[PDB]
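In what follows, every chain begins at residue 1, and chains take the letters A, B, ... in the order their sequences are listed.
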Amino acid sequence: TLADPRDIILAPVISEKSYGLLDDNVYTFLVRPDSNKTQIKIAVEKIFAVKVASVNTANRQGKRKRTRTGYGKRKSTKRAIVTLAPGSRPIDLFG
Amino acid sequence: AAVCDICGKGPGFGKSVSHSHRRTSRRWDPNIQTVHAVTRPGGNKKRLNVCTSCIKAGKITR
Amino acid sequence: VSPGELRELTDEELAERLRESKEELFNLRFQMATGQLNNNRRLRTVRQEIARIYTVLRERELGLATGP
Amino acid sequence: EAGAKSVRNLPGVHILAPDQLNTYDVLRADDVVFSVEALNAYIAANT
RNA sequence: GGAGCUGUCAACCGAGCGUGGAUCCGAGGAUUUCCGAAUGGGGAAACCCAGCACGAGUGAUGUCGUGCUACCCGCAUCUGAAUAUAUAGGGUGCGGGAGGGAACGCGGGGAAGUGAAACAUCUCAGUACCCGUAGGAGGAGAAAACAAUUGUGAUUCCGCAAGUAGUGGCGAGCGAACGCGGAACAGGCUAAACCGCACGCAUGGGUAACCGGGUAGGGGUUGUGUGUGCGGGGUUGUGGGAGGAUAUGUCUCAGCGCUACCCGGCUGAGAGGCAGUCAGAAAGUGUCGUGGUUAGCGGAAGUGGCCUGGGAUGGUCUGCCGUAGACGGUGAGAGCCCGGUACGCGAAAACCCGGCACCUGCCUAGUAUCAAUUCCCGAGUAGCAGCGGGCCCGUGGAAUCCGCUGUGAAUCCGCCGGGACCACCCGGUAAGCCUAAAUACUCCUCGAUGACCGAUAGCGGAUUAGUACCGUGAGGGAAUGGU
Ligand SMILES: [Mg+2]
Ligand SMILES: [Mg+2]
Ligand SMILES: [Mg+2]
Ligand SMILES: [Mg+2]
Ligand SMILES: [Mg+2]
Ligand SMILES: [Mg+2]
Ligand SMILES: [Mg+2]
Ligand SMILES: [Mg+2]
Ligand SMILES: [Mg+2]
Ligand SMILES: [Mg+2]
Ligand SMILES: [Mg+2]
Ligand SMILES: [Mg+2]
Ligand SMILES: [Mg+2]
Ligand SMILES: [Mg+2]
Ligand SMILES: [Mg+2]
Ligand SMILES: [Mg+2]
Ligand SMILES: [Mg+2]
Ligand SMILES: [Mg+2]
Ligand SMILES: [Mg+2]
Ligand SMILES: [Mg+2]
Ligand SMILES: [Mg+2]
Ligand SMILES: [Mg+2]
Ligand SMILES: [Mg+2]
Ligand SMILES: [Mg+2]
Ligand SMILES: [Mg+2]
Ligand SMILES: [Mg+2]
Ligand SMILES: [Mg+2]
Ligand SMILES: [Mg+2]
Ligand SMILES: [Mg+2]
Ligand SMILES: [Mg+2]
Ligand SMILES: [Mg+2]
Ligand SMILES: [Mg+2]
Ligand SMILES: [Mg+2]
Ligand SMILES: [Mg+2]
Ligand SMILES: [Mg+2]
Ligand SMILES: [Zn+2]
């Protein structure tokens, strides 16, 4: 029944906007959509052993796609954009 | 009122018959009289709605 | 991981087999996003063994088949 | 019930009781076979 | 259970698992975000913000995980405002309720269109609708019963009596009961007189009682009357019961009613008999079933020849089974190719039904005859009257039954009914409660059936179906199957 900071952070965003933020040591994670910025900041400072300056989050509605059996709405996500401290260790996200 | 607070006696409904025998609805409400009843002698009073058939018996005191 | 070999673990080795198996799922969720995971049946396997560990820890505080 | 089970699935053989004789089943059949226990129990009921 | 599998529209793939028993079928358990009676406070349902306690985390605020906290009713305790006795209200801990469901049940409210060739009485109809509230059924029910000079003996339900008797602007229409034939059968507890014990109120001090009765004394005030409770006693219609009187009678031991004795009663244990999940009191732990349900498995007999044909299940000659010729599938009409059918086998565990114990409870003192003076037999009830409802009966000569208002009895030499009412005779004992079976219903679960439908038919719905679409909303609501 005990918790884990790895239950909040799901996956990284892989896109040509988020590769443009890796150069400035700024990382983009998909978080669980009922989590605030302080859970995300405690978790990244405990999973990757780094110091985090700020966390910026953005809800996003799901797309709605035409299908012959009707309309269907996709899942709604929450990005969280993490900016590290000025001069800390980079996060190896394995690619 | 029309409902006694001790015996639960409420109104009965019936009809009201004219001379041309035309029938309309009305209510036989009971003779509800208010009382300020006590439980023990010298105690505080309490407003109750009781009927006259339960004041004629010994269902309440004053 | 068989259920028969999770029952000899005492009381806090399961709490640190649970902890090093949620890291195993966490590293497998990053490899699916980056497209560097060939065996994709391993996500289903690690989720079952996390689920199998919570069952053993819950039986021991409900009075069903206790023992280190 | 030893002989009742013996002729159930023969095509054309219809089985009934002595107190269940009726006109539609006699006339459908070319041949009527009474058991000797059943023919006496039909005659002794109608005298 | 036994070799394949990773559900489906719906494929194409990717990566894996399985004789060390997977997928699949059944039973029990764990997990069970958020909304919803929604219940920590709020809200535009699926969102927003907390308090308190214990843990996790930080340099510390931040943050996190698991619990608990609405309101009302009931019981048990603590406190007792104005205000003194006290109550209203407050604190604390236990239990319970709320909402939903297709029909069926009972109590209550209660239309109109229509019919009357108009319409108001009447009808439609106590129907639609509405409110309260159940249960697996419910309601009813153990004679204030009918009947008519012999009798039947709780209730409910079906068939008759009968579209009869009657009742109706005697119009349209409405419509019993007595009794006979059946389905199913069952009867039980309390209130009162009186007797013990406990608490409160009033009266009395040698006036007097009482100390189980009689027999001697002793004690020297705990009696006498009454109120509220708990046991005993009591349950009836041929009237019964309490209270008398006379004979008759008590399973053992201990204790108890000032002492002794004769006798008797009360309490506790033991012994013996009975009853039990029930209407007649109620829970639970074991153990055992030829038992039942929720998976299943076994199961006889043709690779037969030739003709036709893409294909034999067809035709035509032959070989067998049948407790199996039900149905369906298979490249066309199959008992013999398959899944199965007839007929038998199968249940760790859970649940249901029943048996035996364990356990729980009741009974072990009355019975019989005589006497007929007293006491009791369910109260603001019955009855009477005023106004209404319903009975075949529409206020009529109107009994029986029910509601509100007013007046208001009697306890057996009583009271009520037998269609105004009175007398006589017959019948029954109201104003307390509980009661199985026959009867009503199918949202849902298995198993069969059809001179039922076969895509404009059958449900609206074989197909994104209460979907698309239409409407602010309540609501309305489709079309589309075949290589
Ligand atoms: Mg969890
Ligand atoms: Mg910023
Ligand atoms: Mg923002
Ligand atoms: Mg598009
Ligand atoms: Mg009121
Ligand atoms: Mg009425
Ligand atoms: Mg009318
Ligand atoms: Mg009155
Ligand atoms: Mg399973
Ligand atoms: Mg299950
Ligand atoms: Mg809430
Ligand atoms: Mg609210
Ligand atoms: Mg006071
Ligand atoms: Mg309810
Ligand atoms: Mg009318
Ligand atoms: Mg009209
Ligand atoms: Mg008319
Ligand atoms: Mg007309
Ligand atoms: Mg009943
Ligand atoms: Mg009869
Ligand atoms: Mg008594
Ligand atoms: Mg088989
Ligand atoms: Mg076979
Ligand atoms: Mg065929
Ligand atoms: Mg066939
Ligand atoms: Mg009337
Ligand atoms: Mg008469
Ligand atoms: Mg009486
Ligand atoms: Mg009685
Ligand atoms: Mg009853
Ligand atoms: Mg019944
Ligand atoms: Mg069916
Ligand atoms: Mg259709
Ligand atoms: Mg057609
Ligand atoms: Mg709309
Ligand atoms: Zn009253």
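Nearest to the side chain of C:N39, among E:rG16, E:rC122, E:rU464, sits E:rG16. The side chain of A:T38 lies closest to E:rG62 when the candidates are E:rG389, E:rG406, E:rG62. In this structure, the nucleotide among E:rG389, E:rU63, E:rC404 sitting nearest to the side chain of B:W28 is E:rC404.
A donor atom on one side chain and an acceptor atom on the other are not found under 3.5 Å apart for D:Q20 and D:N22. Side-chain atoms of A:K51 and A:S88 include no donor-acceptor pair closer than 3.5 Å.
Anti is the classification of E:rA147, since its glycosidic angle lies more than 90° from 0. E:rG205 adopts a syn glycosidic conformation, its chi angle falling within 90° of 0. Regarding the sugar-base torsion, E:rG477 falls in the anti class, its angle being beyond 90° of 0.
Note on C:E59 versus C:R7: salt bridge recorded, some NZ/NE/NH1/NH2 to OD/OE distance being below 4.0 Å. Residues C:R42 and C:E24 are paired through a salt bridge, judged by an N-O separation under 4.0 Å between the basic side chain and the carboxylate. Between A:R32 and A:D7 there is no salt bridge, since no side-chain nitrogen of the basic residue lies less than 4.0 Å from a carboxylate oxygen of the acidic one.
With hydrogens and angles ignored, a donor-acceptor pair under 3.5 angstrom links the side chain of B:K56 to the base of E:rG408. A donor and an acceptor atom sit less than 3.5 Å apart, one in the side chain of B:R40 and one in the base of E:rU85. A donor and an acceptor atom sit less than 3.5 Å apart, one in the side chain of B:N44 and one in the base of E:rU83.
The separation between B:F13 atom CZ and E:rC404 atom P is 13 Å, rounded to whole Å.
E:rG406 and E:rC384 are base-paired: they meet the Watson-Crick or G-U wobble geometry, with both hydrogen-bonding distances under 3.5 Å.
E:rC351 and E:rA27 are spaced 14 Å apart, taking the P atom of each and rounding to whole Å. E:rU303 and E:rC25 have their P atoms separated by 36 Å, with the value rounded to a whole Å.
In terms of position along RNA chain E, the nucleotide closest to C:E59 lies nearer the 5' end than the nucleotide closest to the other residue of the pair C:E59 and A:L2.
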